[PDB]
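Listed next as structure tokens is one chain, alone, in the form deposited without ligand UDP.
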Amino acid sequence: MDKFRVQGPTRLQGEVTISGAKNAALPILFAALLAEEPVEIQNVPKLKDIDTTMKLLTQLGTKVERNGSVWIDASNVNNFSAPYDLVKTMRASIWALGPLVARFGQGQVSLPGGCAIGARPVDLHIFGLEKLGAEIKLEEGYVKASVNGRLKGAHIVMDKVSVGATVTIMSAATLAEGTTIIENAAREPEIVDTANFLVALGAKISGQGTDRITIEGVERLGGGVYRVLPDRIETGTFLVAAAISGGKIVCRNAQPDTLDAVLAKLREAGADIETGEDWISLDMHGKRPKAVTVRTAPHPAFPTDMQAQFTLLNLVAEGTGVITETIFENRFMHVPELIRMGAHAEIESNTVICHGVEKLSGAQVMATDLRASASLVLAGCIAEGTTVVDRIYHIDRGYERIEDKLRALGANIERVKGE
């Protein structure tokens, strides 16, 4: 069990290059199953689900090779069943279902099991595919879908906003007969990217980024070159590291319009921010952040994946700040860990009242959420002494080697394998 030994305090300053978003890379890699011609998917992070995804794709008959880009040849896909040993590892594997049924008329995906029933993560994908004309077959542990001929464009009203389901329905709708209209569609930048990649291949999609997506089915999708958008959450993470350490950074390969709410909150914290078409710089000019009031909300509001990071900022800011979590219940496990690092906070329900302290003290901390865990590495950077963040695999799975990026901003961090 790799852990991170962080020694502070260190001011974080320098340049960081942002990785492509895994949450844009994944749905686009699955959507590539619709492409008859070879595809080059650029700016793909090297992360565990990317590797599980290429292995899965390979199991279906896809020719996949990698390195900066992921090159895909899906012209000869011929195994329409995503097996449990390749899918047990990753929930995103549900995204192979839509493309297989839309293009080949059949698909099946093994499912991870449970005692809890009702509004399980895959349920909206099943019903979105069913809405589009697919015949669904379920038995515990798998979902099988098939369609007689082509899927048929449908007017789908999502009762709940789902990124997962929005991608499944949108992507399957590109080869459906006619027009599909998705109401109450997820607006996440990863949704827009997946829609643009699909358009790049020949799909007819509009409203991506808005609450209503319109898809005009076409006969087949071609191939092409497509660059995955920058990871907006990793960008925010780095921007908070320089903001909580009196730092100055430049985030390269960034996409500023995916972070309006985050940047606005940083500017309220006292940050001096400038942005380019592909970059964001932040300078605290050596000042302590000023506390902020944050309310997480669906994109494009302040993102819940930036909440633990902003908790940490209030916790070392000047003043009293409140973080209100409206998306997720229970996403405050970083709090007790930070209280152990010397923070002053009160959790009242789905909020934390933060009372900024000048300095934190190093500790043996652990969080299972990757944003909370990464916030712990960050506090460790500015805390006095040594901080040991355990169960670092949660960060490694969503951040392309954060210690190398952090070490490059002046952090004293080291990976400690075993013990």
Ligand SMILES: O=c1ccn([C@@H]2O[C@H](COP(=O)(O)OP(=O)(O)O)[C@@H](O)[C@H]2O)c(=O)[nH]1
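Take the two forms, find the largest set of C-alpha atoms that superpose within 1.5 Å, and that set is the rigid core. Just count from 1 along the sequence shown to find any residue number.
TODO: Using only the Cα atoms and their B-factors as the entry lists them, report which of 282 to 290 and 229 to 237 averages higher.
DONE: Of 229 to 237 and 282 to 290, the stretch with the higher C-alpha B-factor average is 282 to 290.
- [ ] Going by the average Cα B-factor in the PDB entry, point out whether 157 to 165 or 207 to 215 comes out higher.
- [x] For C-alpha atoms only, the mean B-factor is higher in 157 to 165.
Task: Candidate residues 342, 303, 128, 98, the one whose C-alpha B factor the record puts highest - done: Largest recorded C-alpha B-factor: 342.
- [ ] Using the entry's values, work out which of 195, 172, 347, 147 has the largest Cα B factor.
- [x] Largest recorded C-alpha B-factor: 347.
- [ ] Among all modelled residues of this chain, ranked by Cα B factor, put residue 20 in the bottom, middle or top third, i.e. lowest, middle or highest.
- [x] Tercile = lowest for this residue's CA B-factor.
TODO: Sort the modelled residues of this chain by their C-alpha B factor and say whether residue 65 lands in the lowest, middle or highest third.
DONE: Tercile = highest for this residue's CA B-factor.
TODO: For residue 224, return the chain-relative third of its C-alpha B-factor as stated in the PDB record: lowest, middle or highest.
DONE: Ranked within chain, residue 224 CA B lands in the highest tercile.
Open item on the list: Looking at the temperature factor on the CA atom of residue 326, which third of the chain's modelled residues does it land in?
Closed with: Within its chain, residue 326 is a highest-third residue by C-alpha B-factor, going by the deposited values.
Open item on the list: What third of the chain does residue 310 rank in for C-alpha temperature factor, lowest, middle or highest?
Closed with: It belongs to the lowest third of the chain when residues are ordered by C-alpha B-factor.
If you look for the form solved in complex with ligand UDP, you will not find it shown, but the lines that follow are about it.
Task: Open or blocked: site for ligand UDP, pose in the entry with it bound superimposed, 2.4 Å backbone/C-beta cut-off, 3-atom minimum - done: After the site C-alphas are aligned, the pocket of the shown chain is blocked to the transferred ligand.
Open item on the list: I need the one stretch from 154 to 162, 260 to 268, 221 to 229, 313 to 321 whose residues put non-hydrogen atoms within 4.5 angstroms of ligand UDP in the entry with it bound.
Closed with: Only one stretch passes the 4.5 Å heavy-atom test: 154 to 162.
- [ ] Sort through 132, 124, 175, 77 and report the residue having a heavy atom within 4.5 Å of ligand UDP in the entry with it bound.
- [x] It is 124.
TODO: Identify which of 340, 212, 120, 285 has a heavy atom within 4.5 Å of ligand UDP in the entry with it bound; exactly one of them does.
DONE: Result of the distance check: 120.
Open item on the list: Would you classify residue 344 as touching ligand UDP in the entry with it bound, given a 4.5 Å non-hydrogen atom cut-off?
Closed with: No, no contact at 4.5 Å.
Open item on the list: Please determine whether residue 91 contacts ligand UDP in the entry with it bound, using a 4.5 Å cut-off between heavy atoms.
Closed with: Yes, residue 91 lies within 4.5 Å of ligand UDP in the entry with it bound.
TODO: After superposing the two forms on their rigid core, pick out the one entry in 119, 264, 339, 301 with a CA shift of 2 Å or more between the shown form and the other one.
DONE: Just 119.
- [ ] Relative to what we see here, could you say if residue 119 and residue 213 have their Cα atoms closer or farther apart in the entry with it bound, with a change of 3 Å or more?
- [x] Residues separate in the entry with it bound, at least 3 Å farther apart.
Open item on the list: Distance change of 3 Å or more between the C-alpha atoms of residue 295 and residue 119 in the entry with it bound: closer or farther compared with this structure?
Closed with: Result: farther.
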